[PDB]
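The structure appears below as C-alpha cells.
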Amino acid sequence: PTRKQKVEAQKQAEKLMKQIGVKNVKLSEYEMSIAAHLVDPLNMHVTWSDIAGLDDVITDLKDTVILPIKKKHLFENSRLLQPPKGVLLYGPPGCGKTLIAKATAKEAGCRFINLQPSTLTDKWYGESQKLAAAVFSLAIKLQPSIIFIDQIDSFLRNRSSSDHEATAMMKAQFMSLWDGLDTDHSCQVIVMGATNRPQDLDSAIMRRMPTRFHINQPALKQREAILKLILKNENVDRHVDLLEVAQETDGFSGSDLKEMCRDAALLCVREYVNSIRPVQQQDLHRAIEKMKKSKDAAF
Amino acid sequence: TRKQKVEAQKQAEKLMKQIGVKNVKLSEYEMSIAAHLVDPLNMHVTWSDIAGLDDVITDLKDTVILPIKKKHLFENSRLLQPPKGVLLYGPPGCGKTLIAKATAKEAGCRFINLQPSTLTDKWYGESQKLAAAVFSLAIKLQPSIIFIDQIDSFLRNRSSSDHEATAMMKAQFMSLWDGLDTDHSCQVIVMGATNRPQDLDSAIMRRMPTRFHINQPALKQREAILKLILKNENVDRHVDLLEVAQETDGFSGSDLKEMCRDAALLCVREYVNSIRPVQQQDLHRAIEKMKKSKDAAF
Amino acid sequence: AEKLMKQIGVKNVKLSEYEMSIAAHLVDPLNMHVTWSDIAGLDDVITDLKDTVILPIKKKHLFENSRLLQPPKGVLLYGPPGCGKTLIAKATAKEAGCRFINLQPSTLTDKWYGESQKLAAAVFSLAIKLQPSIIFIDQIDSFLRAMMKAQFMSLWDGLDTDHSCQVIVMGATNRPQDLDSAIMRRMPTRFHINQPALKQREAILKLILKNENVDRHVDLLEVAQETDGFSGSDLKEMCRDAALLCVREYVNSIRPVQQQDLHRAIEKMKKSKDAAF
Amino acid sequence: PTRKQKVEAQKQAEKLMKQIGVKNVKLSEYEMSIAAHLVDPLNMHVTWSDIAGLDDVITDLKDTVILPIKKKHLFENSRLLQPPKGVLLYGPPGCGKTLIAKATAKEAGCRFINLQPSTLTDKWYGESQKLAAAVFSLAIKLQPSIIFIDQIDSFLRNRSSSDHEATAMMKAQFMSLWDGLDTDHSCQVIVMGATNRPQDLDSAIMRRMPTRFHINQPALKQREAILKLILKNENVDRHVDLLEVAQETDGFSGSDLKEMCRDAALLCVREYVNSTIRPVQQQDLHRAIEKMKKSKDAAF
Amino acid sequence: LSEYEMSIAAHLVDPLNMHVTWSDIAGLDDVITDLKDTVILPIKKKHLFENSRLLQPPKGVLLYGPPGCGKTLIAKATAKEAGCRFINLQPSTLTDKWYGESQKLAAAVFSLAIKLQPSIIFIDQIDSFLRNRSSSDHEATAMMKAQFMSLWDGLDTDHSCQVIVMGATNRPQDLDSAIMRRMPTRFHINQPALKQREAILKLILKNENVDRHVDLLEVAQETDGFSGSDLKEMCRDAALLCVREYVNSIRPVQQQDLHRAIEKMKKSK
Amino acid sequence: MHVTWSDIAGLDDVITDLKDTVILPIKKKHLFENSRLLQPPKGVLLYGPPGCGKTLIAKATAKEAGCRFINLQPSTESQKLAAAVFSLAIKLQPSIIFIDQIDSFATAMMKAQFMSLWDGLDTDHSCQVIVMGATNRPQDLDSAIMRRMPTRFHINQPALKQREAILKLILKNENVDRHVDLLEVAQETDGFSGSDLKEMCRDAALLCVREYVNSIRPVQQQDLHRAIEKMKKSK
Ligand SMILES: Nc1ncnc2c1ncn2[C@@H]1O[C@H](COP(=O)(O)OP(=O)(O)OP(=O)(O)O)[C@@H](O)[C@H]1O
Ligand SMILES: Nc1ncnc2c1ncn2[C@@H]1O[C@H](COP(=O)(O)OP(=O)(O)OP(=O)(O)O)[C@@H](O)[C@H]1O
Ligand SMILES: Nc1ncnc2c1ncn2[C@@H]1O[C@H](COP(=O)(O)OP(=O)(O)OP(=O)(O)O)[C@@H](O)[C@H]1O
Ligand SMILES: Nc1ncnc2c1ncn2[C@@H]1O[C@H](COP(=O)(O)OP(=O)(O)OP(=O)(O)O)[C@@H](O)[C@H]1O
Ligand SMILES: Nc1ncnc2c1ncn2[C@@H]1O[C@H](COP(=O)(O)OP(=O)(O)OP(=O)(O)O)[C@@H](O)[C@H]1O
Ligand SMILES: [Mg+2]
Ligand SMILES: [Mg+2]
Ligand SMILES: [Mg+2]
Ligand SMILES: [Mg+2]
C-alpha cells in the first residue's frame with residue numbers, strides 16, 4: 001500500500017530495542033513507528049549530581065516518580081500509592097527542565113520514551129489518531145514507561161474552534177486514554193512534560209498532570225551553587241569566590257551563567273593563542289558586563 | 001487491501017466468549033467495530049464508589065437502567081422507552097468517566113466503547129462503512145450502550161474546513177441516530193461524556209436531550225468525596241473531613257485524590273527514611289502545596 | 001431486485017449488478033407508522049407540500065397530456081435541527097403513492113478504484129426505470145458542500161427534461177446557509193420547517209399524550225406558554241421524563257400524570273438546555 | 001500526493017551536493033527537500049575584506065564561530081568550549097547582517113545552509129513538522145554546519161494564542177531540537193539568524209541564541225571606513241576627503257552611502273553620455289547627499 | 001518551470017504587445033528625465049561599464065503620490081524601453097485560502113524573475129501589501145512580508161541579474177522601515193498643478209475627432225482640481241455628449257461640452 | 001438570441017447608456033472609428049444581484065445592437081480550445097463572446113492567451129471582438145486578466161416604478177381580472193426583486209389553477225396578494 005515509510009522503523013526500533021533489553025514484545029506497524037523514538041538510557045551523560053541549584057525538587061521527584069517504581073512490596077498494598085499519571089515541569093525557561101528530563105531518562109529506571117509529536121501528525125487521513133493510540137498501547141506494553149512530551153504547550157494546547165480535525169481528535173484521544181474507561185489500572189504508565197508556558201496548556205490536561213514541579217529562576221544561593229558546579233573541572237584560579245559573581249549577576253538564569261563561563265574560557269583561549277591560562281576572576285566581570293549589555297537589547 | 005481485520009477478527013471473538021453471545025453473525029467491519037467491546041467484569045467501580053452526588057446517580061439509574069429492565073411494564077406505553085442519548089456534561093474531572101465505568105459494569109446490557117480513532121481509516125470509502133457498522137452492531141444485539149468519550153471532538157460543529165470522510169461520518173451518525181429507519185423499538189442508547197458541550201453541535205445536541213450536569217463539588221460534595229477516599233487507608237481517629245473540605249474550596253473530584261495520595265506519599269517517605277497514619281497535619285501541607293501549584297495557569 | 005420487489009408492484013425487473021445493489025436501498029413503506037395525522041403543529045406546511053408535489057403524482061389523468069401541474073425537481077425542507085424534517089420525509093415515504101428510495105451517500109463511496117460515479121448513474125437509472133420515484137438524500141449539506149459530484153449534477157440536470165419520468169430529488173437540511181451556491185438554486189421548492197410557536201407547541205403537546213392515562217385537569221396551553229423555546233424532540237423528551245417521574249412512584253413499590261410532574265420536567269429541561277452556553 | 005515537489009528537489013539537491021563535497025550521506029525525501037536549499041560556497045563573492053566599518057565584531061565572530069570549528073585538539077579536553085548553538089545578529093536594517101551572513105557562507109569552512117522558512121510550511125497536514133525535523137536531521141547528518149535563518153523575528157516569533165497550530169508546532173519543535181533531550185552532545189551544529197527587530201523575537205529562543213552581536217548604525221569613523229571601501233574600485237580623482245562626506249551625512253546607514261555613490265557615478269555617466277569616464281571630483285557627492293536627504297524627507 | 005511558476009506566468013505581461021512609450025505620458029517631464037538615465041541607461045548598453053560592482057540599475061524604484069496621474073503608465077513605458085518582461089500581478093493576487101500558499105507564491109515570482117533577463121517587477125499598491133511590520137496584526141502575513149525582504153536582497157541575490165522591483169503607493173509614510181531601505185530611488189509623481197493638466201489635455205485631444213479650435217489654456221484653472229485620470233474621463237464625457245446628441249436628429253466639440261463635463265465631475269465630488 | 005430590448009423593461013436610463021456605449025460598435029464609421037477615445041470599451045462586464053436578468057441583459061444588448069454572439073461554455077487541450085474559440089470569435093468581425101458563470105470559471109495559460117488576443121484585437125481594431133460574459137459577485141471573481149474587463153455596471157433593483165413596469169409587462173400575457181392590476185400588486189410587493197415578480201405571478205397562476213383542480217379562471221387580486229404574502233413569508 002501507500003505510506004510504506006514504516007519499512008524503516010521496525011528495522012530502526014529493533015536494533016534500538018536490543019540496546020534496552022526487551023525479550024518478547026509483539027508490536028504492530030504503528031507501535032513500532034512510535035517506539036522508533038525510544039531513548040537509550042546509556043546514551044545520556046548527566047545524572048542527579050550534575051543538576052545543582054535545586055535540592056528539594058530533586059528529592060521530591062525522586063520520592064514521587066523514582067521511589068514508587070521500585071520497592072513495589074511496600075506500595076502495592078495501599079489503594080493510592082502508585083506514581084501519578086503526569087509530571088508537569090513548569091517555570092521560567094532555561095535551567096532545570098531538560099536536565100531533569102535527562103536525569104529521569106537515565107537514572108530513574110524504567111524504559112524512557114520521547115514522544116516527538118512531529119511523528120504523530122501524518123499526511124494521510126486517519127493515520128494520526130492510530131499513532132496516538134499506538135503511543136499509549138506501547139506504553140502499556142512496556143511496563144513501566146515514562147512518556148516524555150517536550151514543549152507540551154503546543155501539541156496539547158487549549159482547545160478551540162480553529163483547530164484541525166486530526167489534531168483535535170489526537171488531543172481528545174490523549175485525555176481519553178490517560179484516565180479513560182479501560183485505563184487507571186495498575187500499569188505504572190506515567191506521562192511527564194516540560195514546558196515554560198503552562199498558562200495556556202489546557203483545562204482537561206492540566207488536571208491529568210497533578211504533580212506540577214516549579215523550576216524557578218536561580219536565586220542568589222542557587223546561582224552560587226550552579227556557578228560553583230560549572231567551574232569544577234576546568235582550570236580556575238585558586239582564589240575565586242562564586243558568591244560575588246552570583247550577587248553581581250542578579251538576573252542570570254541557569255543557561256546564561258553557562259554562557260558567561262564559556263565566554264570567559266573563550267577569552268582566555270583567545271588571549272593564549274594570540275601569543276592554558278586560568279580565569280583570574282577579572283574576565284568574569286567583563287563577561288557579565290557584555291552579557292548584560294546583550295540582554296538589554298530586548299528592551 | 002486492508003487485510004488486518006483478520007487480527008481484529010481474532011480479538012473480537014474471544015472477547016465475545018467473555019460476554020456470552022451465542023449466535024451473532026457479523027461482517028468484517030462489524031467485527032472490527034465489536035473488537036472494542038468492554039468486558040463488564042473488567043471494571044472495579046460500582047455506584048457505591050461514586051460519592052458527592054446522589055440525585056444524579058438515581059436519575060441516571062431510573063432513566064437508563066430502569067427502562068432496560070422490567071420490559072413487561074414499558075412494552076405497552078409508547079414513550080416509556082430508554083432515550084437515544086445521554087450527555088454527561090460539566091467541569092472536567094469528577095463524575096464523567098466514573099459514571100461511564102459504572103454504566104459499563106453495573107447497568108445491565110452490553111456496553112461498547114466507540115474509540116473514534118478506529119472509525120477514521122486511510123483507505124477511501126472505509127470510514128463511512130465503519131460508521132454504519134457501528135449502528136449495525138448496536139442494532140444486532142439489543143440492548144447496547146454506545147459510549148463516545150470526549151464526543152466534542154469527533155462530532156464537532158459542522159463547518160467548511162472538514163474532510164469529506166469526517167463530514168460524511170458526522171452526517172451518517174445523525175442520519176442513523178433518529179433517521180428514516182431507526183427510532184423503532186430497538187433500545188439502542190448512545191451516551192457521551194464531555195467537558196466542553198458549548199461547541200459540540202446543533203443537530204447532535206438535540207439527539208442527546210438527556211443531559212446530566214456533573215457539577216464541580218461543593219462543600220457537602222467535597223466532604224463526601226474526602227470521606228469516601230480516606231476509607232481503606234489508615235488515618236488518625238480525630239480527623240474531621242469537613243475542616244479540610246471547607247479549607248480547600250477550590251478543588252475538583254480529582255485534585256482531592258491527588259492531595260490524599262501526596263499525604264500518603266509524605267507518610268511513607270517519612271517512614272522509609274528510618275505504616276504511619278495521617279495526623280491531619282500532612283493534609284494541610286498537601287493542600288497548601290497543591291494550592292500554590294495550581295497558580296501556574298495564572 | 002427480486003428480494004425487494006414485494007413492494008414495487010411492477011414486473012419490469014431487468015436490473016444489472018449496480019442496479020441490483022441500488023435496489024436493496026429503497027425505503028420499506030410497510031414499517032413506516034407515520035401519516036399526515038402524525039405530524040402536528042405545522043399543517044399549512046403539510047398542505048403546501050401536498051398541493052405542490054403530491055397531486056402531480058396521484059392525479060395522472062387531468063395533467064396527463066401537457067398541463068402545467070408538474071412535480072418540482074428538488075424539494076428542500078430546511079429549518080432548525082429537529083421538529084418535522086425526517087418525520088415529513090417518512091410520512092411521504094409511507095403514503096406518497098410512489099417508490100420512495102433513500103440515498104445514504106455512505107453506500108456510494110466504493111473503496112475499489114474510488115469509482116462512485118457508476119453508482120450515481122445506477123441510482124438514477126433505477127429511479128427512472130420505476131418512475132415515479134423520490135430520491136431522498138438526508139443531510140444534503142454535508143453530502144454537497146469530485147468527479148462523482150459533477151457526474152451526478154450533470155445527470156440530475158440532463159435526464160429530467162423529457163417529462164416522461166416523475167423522478168424528484170428531495171432533501172432535508174438543518175443548516176441551509178452553508179449548503180451550496182448551485183444546489184440551492186437548483187431546487188425551486190423550499191419549505192421552511194420552523195420550530196413550533198406558542199400554538200404549534202400546544203398542538204404537538206396535545207398530540208404527544210393522547211393514549212396515555214393523563215389527568216383531566218392538564219391544560220396543554222399552560223405547558224406551551226411555559227416552555228417558550230422547546231423544539232419538537234425536546235417536548236417529547238420532556239413528556240417522557242414526566243411519564244418516568246410519574247411511574248417512579250409505582251415502580252419502587254399507573255399514576256396519572258399531573259401538572260406538577262410536567263412543571264418539574266420543564267424546569268429540569270430548561271436547566272439542562274444551558275449546557276451549550 | 002505531494003511526492004512530485006519532493007521528486008524534483010531530489011534531482012536538484014544531489015547535483016548541488018556533488019560539487020560541495022559530501023561523500024556518503026543517505027537522506028530521505030524531507031531531508032533531500034531541505035538540503036535542496038544548501039548555498040554554494042564559491043557563489044558568494046564577499047569576504048571579510050569586503051566588510052568595513054566594524055572591526056571588533058569581525059574578530060569576535062572569528063574567535064567565537066570560526067575559531068572553534070578548526071583546531072579541535074584545543075577544545076576537545078574541556079567540557080564547554082564548543083561553538084555556540086546560536087548567533088543572533090541584531091541591529092538596525094542595512095549594514096552588517098546579510099553581508100556578515102554571506103561572508104560566513106564562504107569563509108567559514110563547514111557547509112553553510114540557508115533555511116528559507118517559506119519551504120517549511122506546506123499545504124498538507126503533518127508535513128511542516130516533518131520538514132522542520134528533517135532540517136535538524138540533515139544538520140546533524142553532516143558536521144559541522146551553520147543553519148542560517150534570515151529574518152528570524154518572523155518565523156520564530158513570540159508565542160501567543162492567535163497563531164496557527166502548524167506554525168506553533170514548528171516553533172516548539174525548533175526549540176525542542178535545538179538543545180533538547182538528544183542534541184546537547186558535541187555536534188558542532190550552530191544556528192545563526194540575522195534580524196532587525198529583536199525586541200519581539202521570543203523568550204525561549206532568545207536564550208538559545210546566547211552570542212548576540214549588535215551591528216549598530218555606522219558612526220563617523222564607520223561611515224568614513226565604508227565610504228573609503230566603496231570608493232576603491234570605481235574610477236575617482238586623486239584627492240577625495242572621505243571625512244567630509246562622512247561628517248556631512250550624519251544619519252546615513254551602510255546602504256545609503258552605497259546609494260549615494262551609485263547616484264554620483266550615474267550622474268557622471270549621464271554627463272558623459274549627454275555629449276557622446278569622468279572621475280568624481282568630490283562635487284557630485286555633495287549633490288547626491290543633498291538629493292538623498294531631500295528624498296528621505298519627502299518620503300513622509 | 002514549476003507549477004506555481006506557471007500559475008504566476010499568467011500575469012507576466014508580454015514585452016512585445018505593450019505599445020506604451022514616453023509620448024503617451026505627458027505633463028510631468030522632470031521625473032521622466034531622471035528615470036531615463038537612472039533606470040533605462042544602466043539596463044541597456046551593459047557592454048560599457050560592466051566591470052564596476054555598483055554601476056547597476058537600482059532595484060527599489062518607487063513612485064508615490066495621489067492616486068492616478070501616471071502611476072503605472074510610467075512603469076509600462078519604462079519596461080517597454082527597458083529590456084523585456086514587464087511583470088505585474090496584483091496587490092491581492094496572493095494570500096490564498098490555504099496554508100503555505102502565499103510565501104511560496106512570492107518565492108515562485110522571484111525565481112521566475114531571476115530565470116530570465118531583468119524583467120522589471122511592478123507591485124501595485126505596495127502600501128497595504130507591505131505595510132509597517134507589527135506584532136498585533138495577523139501572524140500569517142508578517143512572515144510573508146519578512147520573507148519578501150529576505151528574498152529581495154539576501155544570500156543568492158546581488159548578482160548580475162538586473163532584477164529590478166518597482167513599487168507604487170499613495171501614502172509612503174506608514175509603509176515600512178526596512179522595505180524603504182531597499183527602495184533607495186523614490187520618485188514623486190505629483191499633482192498636475194495647472195500645467196500637466198493642460199499638457200495631458202492637449203495630448204489626449206490629438207488623436208481624436210475634428211476637435212474644433214478650443215485652447216486648453218482656457219480650461220486649465222477652472223477644470224478638475226486634481227486626478228488627471230478623471231481628465232482622461234472628462235474627455236470621455238465630451239465624446240459621449242457629442243455622439244449622443246446626433247441621434248435625436250460627428251458633432252464637433254466646443255467649450256460648452258467641456259464646461260458641462262467639468263461641472264458634472266465637480267458635482268460627482 | 002430571441003430577446004428584445006423593448007420587452008425587457010426597468011431601468012430606462014441604463015438601457016439608453018447601454019444602447020449608446022455598447023452599441024457604438026453598431027454605429028457606422030466616422031462616429032466611433034474616427035476618434036480614438038470614442039471607441040466602445042473592450043470586454044464589458046456585468047455584475048450585481050443574483051439573477052434579475054443577468055444573461056437577459058447581455059442578450060438584449062446583443063440583439064438591439066445586432067452584434068454576433070457565441071456561447072463560450074466554460075464547463076466544456078483547454079488552452080488550445082480556448083485559443084481556437086478566440087480565433088473563431090475574432091475572425092467573423094464583429095462578434096461577441098458570451099460566457100456563463102465567469103465569476104467561478106491549463107486554465108491560466110488559456111486566460112493569458114485570451115487576454116493577449118483581446119489586447120492585440122483592441123490594438124488592431126476598435127470593437128471587432130467584444131466580450132460580455134461576466135456573472136454576478138465580481139468583487140473576488142478572479143485575478144487572471146483584470147485589465148480585460150475594466151467596464152461594468154451594477155445591475156440591481158432600480159426602483160419601485162421599474163418593478164411596477166416589469167410586473168405590468170410580464171403579467172399582460174395571460175388572462176387576468178379587470179379589477180386586478182399589476183400596479184396595485186407592485187404597490188404592496190414592497191420592493192421585490194426582478195426575478196421575484198415573475199415567480200410571484202407564477203405562484204398566483206398556480207394558485208388559480210389549483211382552485212379549479214381541487215374542484216381555469218383568470219387570476220385575480222386576491223390570488224396575487226396571497227402569492228405575494230407567501231413569497232414574503234418565504235423570503
Ligand atoms: N542545575 C544545573 N546544573 C548544570 N547545568 C545546568 C543546570 N541548569 C541549567 N543548566 C544548563 O542549561 C542547559 C540546558 O537548558 P534546557 O535545555 O534545560 O533549557 P529548557 O528549559 O529546556 O528550555 P525551554 O524552557 O525552552 O524548554 C544546559 O546546557 C546546562 O548546562
Ligand atoms: N465521586 C467520586 N468518587 C470517587 N472518586 C472520584 C469521584 N469523582 C472523581 N473521582 C476521581 O476522579 C478520577 C477520574 O477522573 P475522570 O477520568 O472522570 O476525569 P474526566 O471527567 O473523564 O476528565 P475529562 O473531563 O477531561 O474527560 C478517578 O481517579 C477518581 O478517583
Ligand atoms: N409535528 C410533530 N408531532 C409530533 N412529534 C414530532 C413532530 N415533529 C417532530 N417530532 C418528534 O421529533 C422526532 C423527529 O425529529 P426530526 O425528524 O424533526 O429531526 P430532523 O429535523 O430530521 O433532524 P435533522 O435536522 O438532523 O435532519 C420524532 O421522534 C418526533 O417524535
Ligand atoms: N561593511 C560594508 N562593506 C561593504 N558594503 C556594505 C557594508 N555594510 C553594508 N553594505 C552594503 O549593504 C548592502 C547589504 O544590505 P543588507 O542586505 O545587509 O541589509 P539588511 O540589514 O540585511 O536588511 P534587513 O535588516 O531588512 O534584513 C550591500 O549591497 C552592501 O553594499
Ligand atoms: N499624465 C497622464 N498622461 C497620460 N495619461 C494619463 C495621465 N494621467 C492619467 N492618465 C490615464 O489615466 C489612467 C489611470 O491613470 P494611472 O495609471 O495613473 O492610475 P493608477 O494610480 O496607476 O491606478 P492604480 O493606483 O489603481 O494602479 C491611465 O490609463 C492613463 O491613460
Ligand atoms: Mg527544553
Ligand atoms: Mg473522561
Ligand atoms: Mg433528520
Ligand atoms: Mg537582510
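By convention here, the chains of the C-alpha cells are called A, B, ... in the order presented, each chain's residues are numbered starting at 1, and ligands are numbered starting at 1 in the order presented.
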
Contacts of chain C with ligand 3 up to 7 Å, shortest pair per row, only C-alpha atoms and all ligand atoms, as JSON lines:
{"residue": "C:38", "atom": "CA", "partner": "ligand 3", "partner_atom_place_in_ligand_line": "3 (N)", "distance": 6.0}
{"residue": "C:39", "atom": "CA", "partner": "ligand 3", "partner_atom_place_in_ligand_line": "1 (N)", "distance": 3.9}
{"residue": "C:40", "atom": "CA", "partner": "ligand 3", "partner_atom_place_in_ligand_line": "1 (N)", "distance": 3.8}
{"residue": "C:41", "atom": "CA", "partner": "ligand 3", "partner_atom_place_in_ligand_line": "1 (N)", "distance": 5.4}
{"residue": "C:42", "atom": "CA", "partner": "ligand 3", "partner_atom_place_in_ligand_line": "1 (N)", "distance": 6.5}
{"residue": "C:80", "atom": "CA", "partner": "ligand 3", "partner_atom_place_in_ligand_line": "25 (O)", "distance": 6.4}
{"residue": "C:81", "atom": "CA", "partner": "ligand 3", "partner_atom_place_in_ligand_line": "25 (O)", "distance": 3.6}
{"residue": "C:82", "atom": "CA", "partner": "ligand 3", "partner_atom_place_in_ligand_line": "21 (O)", "distance": 3.1}
{"residue": "C:83", "atom": "CA", "partner": "ligand 3", "partner_atom_place_in_ligand_line": "18 (O)", "distance": 3.4}
{"residue": "C:84", "atom": "CA", "partner": "ligand 3", "partner_atom_place_in_ligand_line": "18 (O)", "distance": 3.6}
{"residue": "C:85", "atom": "CA", "partner": "ligand 3", "partner_atom_place_in_ligand_line": "22 (O)", "distance": 4.3}
{"residue": "C:86", "atom": "CA", "partner": "ligand 3", "partner_atom_place_in_ligand_line": "17 (O)", "distance": 3.6}
{"residue": "C:87", "atom": "CA", "partner": "ligand 3", "partner_atom_place_in_ligand_line": "17 (O)", "distance": 4.6}
{"residue": "C:138", "atom": "CA", "partner": "ligand 3", "partner_atom_place_in_ligand_line": "27 (O)", "distance": 6.8}
{"residue": "C:139", "atom": "CA", "partner": "ligand 3", "partner_atom_place_in_ligand_line": "27 (O)", "distance": 6.2}
{"residue": "C:172", "atom": "CA", "partner": "ligand 3", "partner_atom_place_in_ligand_line": "27 (O)", "distance": 6.1}
{"residue": "C:173", "atom": "CA", "partner": "ligand 3", "partner_atom_place_in_ligand_line": "27 (O)", "distance": 6.1}
{"residue": "C:174", "atom": "CA", "partner": "ligand 3", "partner_atom_place_in_ligand_line": "25 (O)", "distance": 4.5}
{"residue": "C:204", "atom": "CA", "partner": "ligand 3", "partner_atom_place_in_ligand_line": "3 (N)", "distance": 4.9}
{"residue": "C:207", "atom": "CA", "partner": "ligand 3", "partner_atom_place_in_ligand_line": "4 (C)", "distance": 6.5}
{"residue": "C:208", "atom": "CA", "partner": "ligand 3", "partner_atom_place_in_ligand_line": "4 (C)", "distance": 6.1}
{"residue": "C:232", "atom": "CA", "partner": "ligand 3", "partner_atom_place_in_ligand_line": "9 (C)", "distance": 4.3}
{"residue": "C:233", "atom": "CA", "partner": "ligand 3", "partner_atom_place_in_ligand_line": "12 (O)", "distance": 4.2}
{"residue": "C:236", "atom": "CA", "partner": "ligand 3", "partner_atom_place_in_ligand_line": "31 (O)", "distance": 5.9}

Q: Find the residues around residue 219 (chain D) up to 9 Å (only C-alpha atoms counted), leave out those fewer than 3 positions away in its own chain, and share them as a ChimeraX atom specification.
A: /D:53,216,222-224,246,250-253

Q: List the neighbours of residue 291 (chain A) out to 10 Å using only C-alpha atoms; skip same-chain residues closer than 3 positions along the sequence, and give me the result as a count of residues only.
A: 17

Q) Would you name the residues within 7 Å of ligand 2, counting only C-alpha atoms and all ligand atoms, and put them as JSON, numbers by chain? A) {"A": [175, 176, 179, 180, 204, 205], "B": [49, 50, 51, 52, 53, 91, 92, 93, 94, 95, 96, 97, 98, 150, 193, 194, 195, 225, 228, 229, 253, 254, 257]}

Q.
Show me, as a list in words, the residues of chain F whose atoms get within 9 Å of chain E, using only C-alpha atoms for the distance check.
A.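 So the contacting residues turn out to be residues 20, 21, 24, 30, 31, 32, 34, 35, 36, 37, 38, 108, 109, 110, 111, 112, 113, 116, 119, 120, 123, 142, 143, 144, 145 and 146 of chain F.
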
Save out the residues we just selected, N, CA, C and O atoms, as a CSV table (one decimal), in the first residue's frame.
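What landed in selection_31.csv:
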chain,number,residue,atom,x,y,z
F,20,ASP,N,-26.1,53.3,-26.1
F,20,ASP,CA,-25.1,54.2,-26.6
F,20,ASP,C,-23.7,53.6,-26.5
F,20,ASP,O,-23.0,53.4,-27.5
F,21,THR,N,-23.2,53.2,-25.3
F,21,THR,CA,-21.8,52.8,-25.1
F,21,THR,C,-21.6,51.5,-25.9
F,21,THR,O,-20.7,51.4,-26.8
F,24,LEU,N,-22.2,51.6,-29.7
F,24,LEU,CA,-21.3,52.4,-30.5
F,24,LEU,C,-20.6,51.5,-31.6
F,24,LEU,O,-20.3,52.0,-32.7
F,30,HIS,N,-17.0,56.9,-38.9
F,30,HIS,CA,-16.9,58.4,-38.7
F,30,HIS,C,-17.6,58.8,-37.5
F,30,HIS,O,-17.7,60.0,-37.2
F,31,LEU,N,-18.1,57.9,-36.6
F,31,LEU,CA,-18.8,58.2,-35.4
F,31,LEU,C,-18.0,57.6,-34.2
F,31,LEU,O,-17.7,58.3,-33.2
F,32,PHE,N,-17.6,56.3,-34.3
F,32,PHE,CA,-16.8,55.7,-33.2
F,32,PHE,C,-15.4,55.3,-33.7
F,32,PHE,O,-14.5,55.1,-32.9
F,34,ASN,N,-13.6,57.2,-36.0
F,34,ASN,CA,-12.8,58.3,-36.3
F,34,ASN,C,-12.0,58.7,-35.1
F,34,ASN,O,-10.7,58.9,-35.2
F,35,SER,N,-12.6,59.0,-34.0
F,35,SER,CA,-11.9,59.3,-32.7
F,35,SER,C,-11.3,58.1,-32.0
F,35,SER,O,-12.0,57.1,-32.0
F,36,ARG,N,-10.1,58.2,-31.5
F,36,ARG,CA,-9.5,57.1,-30.8
F,36,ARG,C,-10.2,56.8,-29.4
F,36,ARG,O,-10.2,55.7,-28.9
F,37,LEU,N,-10.7,57.9,-28.7
F,37,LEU,CA,-11.3,57.7,-27.4
F,37,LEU,C,-12.8,57.5,-27.5
F,37,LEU,O,-13.4,57.1,-26.5
F,38,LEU,N,-13.4,57.6,-28.7
F,38,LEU,CA,-14.8,57.4,-28.9
F,38,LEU,C,-15.2,55.9,-29.1
F,38,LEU,O,-16.4,55.6,-29.1
F,108,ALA,N,-4.9,28.8,-16.6
F,108,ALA,CA,-4.1,30.1,-16.6
F,108,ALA,C,-3.5,30.4,-17.9
F,108,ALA,O,-3.6,31.6,-18.3
F,109,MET,N,-3.0,29.4,-18.6
F,109,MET,CA,-2.4,29.7,-19.9
F,109,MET,C,-3.5,30.1,-20.9
F,109,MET,O,-3.3,31.0,-21.8
F,110,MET,N,-4.7,29.5,-20.8
F,110,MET,CA,-5.8,29.8,-21.7
F,110,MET,C,-6.2,31.3,-21.4
F,110,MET,O,-6.5,32.0,-22.4
F,111,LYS,N,-6.3,31.7,-20.1
F,111,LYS,CA,-6.7,33.0,-19.8
F,111,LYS,C,-5.7,34.0,-20.3
F,111,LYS,O,-6.0,35.1,-20.8
F,112,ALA,N,-4.4,33.7,-20.2
F,112,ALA,CA,-3.3,34.6,-20.6
F,112,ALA,C,-3.4,34.7,-22.2
F,112,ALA,O,-3.2,35.8,-22.7
F,113,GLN,N,-3.6,33.6,-22.9
F,113,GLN,CA,-3.7,33.7,-24.3
F,113,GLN,C,-4.9,34.5,-24.7
F,113,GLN,O,-4.9,35.3,-25.7
F,116,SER,N,-4.1,38.2,-24.2
F,116,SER,CA,-3.2,38.7,-25.2
F,116,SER,C,-3.9,38.9,-26.6
F,116,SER,O,-3.7,39.9,-27.3
F,119,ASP,N,-6.0,42.0,-26.3
F,119,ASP,CA,-5.2,43.2,-26.4
F,119,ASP,C,-4.8,43.5,-27.8
F,119,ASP,O,-4.8,44.6,-28.3
F,120,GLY,N,-4.4,42.4,-28.5
F,120,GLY,CA,-4.0,42.6,-29.9
F,120,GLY,C,-5.1,43.0,-30.8
F,120,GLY,O,-5.0,43.9,-31.7
F,123,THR,N,-5.8,46.7,-30.1
F,123,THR,CA,-4.7,47.5,-30.7
F,123,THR,C,-4.9,47.5,-32.2
F,123,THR,O,-4.5,48.5,-32.8
F,142,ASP,N,-12.1,36.6,-10.0
F,142,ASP,CA,-10.8,36.0,-10.4
F,142,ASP,C,-9.8,37.1,-10.6
F,142,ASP,O,-10.2,38.3,-10.7
F,143,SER,N,-8.6,36.8,-10.7
F,143,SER,CA,-7.5,37.7,-11.0
F,143,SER,C,-6.6,37.3,-12.1
F,143,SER,O,-5.4,37.5,-12.1
F,144,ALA,N,-7.2,36.8,-13.2
F,144,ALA,CA,-6.5,36.3,-14.4
F,144,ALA,C,-6.1,37.5,-15.2
F,144,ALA,O,-4.9,37.8,-15.5
F,145,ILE,N,-7.1,38.3,-15.7
F,145,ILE,CA,-6.9,39.4,-16.6
F,145,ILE,C,-7.8,40.5,-16.1
F,145,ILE,O,-9.0,40.6,-16.4
F,146,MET,N,-7.3,41.4,-15.2
F,146,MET,CA,-8.1,42.5,-14.7
F,146,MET,C,-8.3,43.6,-15.7
F,146,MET,O,-9.4,44.2,-15.7

**Q.** Spatial neighbours of residue 62 (chain D), max dist 10 Å, only C-alpha atoms, sep filter under 5 positions, as a ChimeraX atom specification
**A.** /D:48,56-57,67-69,104,107-108

Q: May I ask you to write as a list in words all residues lying at most 6 Å from ligand 6, with only C-alpha atoms and all ligand atoms counted?
A: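 Using only C-alpha atoms and all ligand atoms, everything at most 6 Å from ligand 6 comes to residues 98 of chain A; 176 and 180 of chain D.
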
Using only C-alpha atoms, please write the residues we just selected to a file, as a CSV table (one decimal), in the first residue's frame.
chain,number,residue,atom,x,y,z
A,98,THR,CA,15.6,19.4,30.1
D,176,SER,CA,12.9,21.1,21.3
D,180,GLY,CA,16.6,19.2,23.8
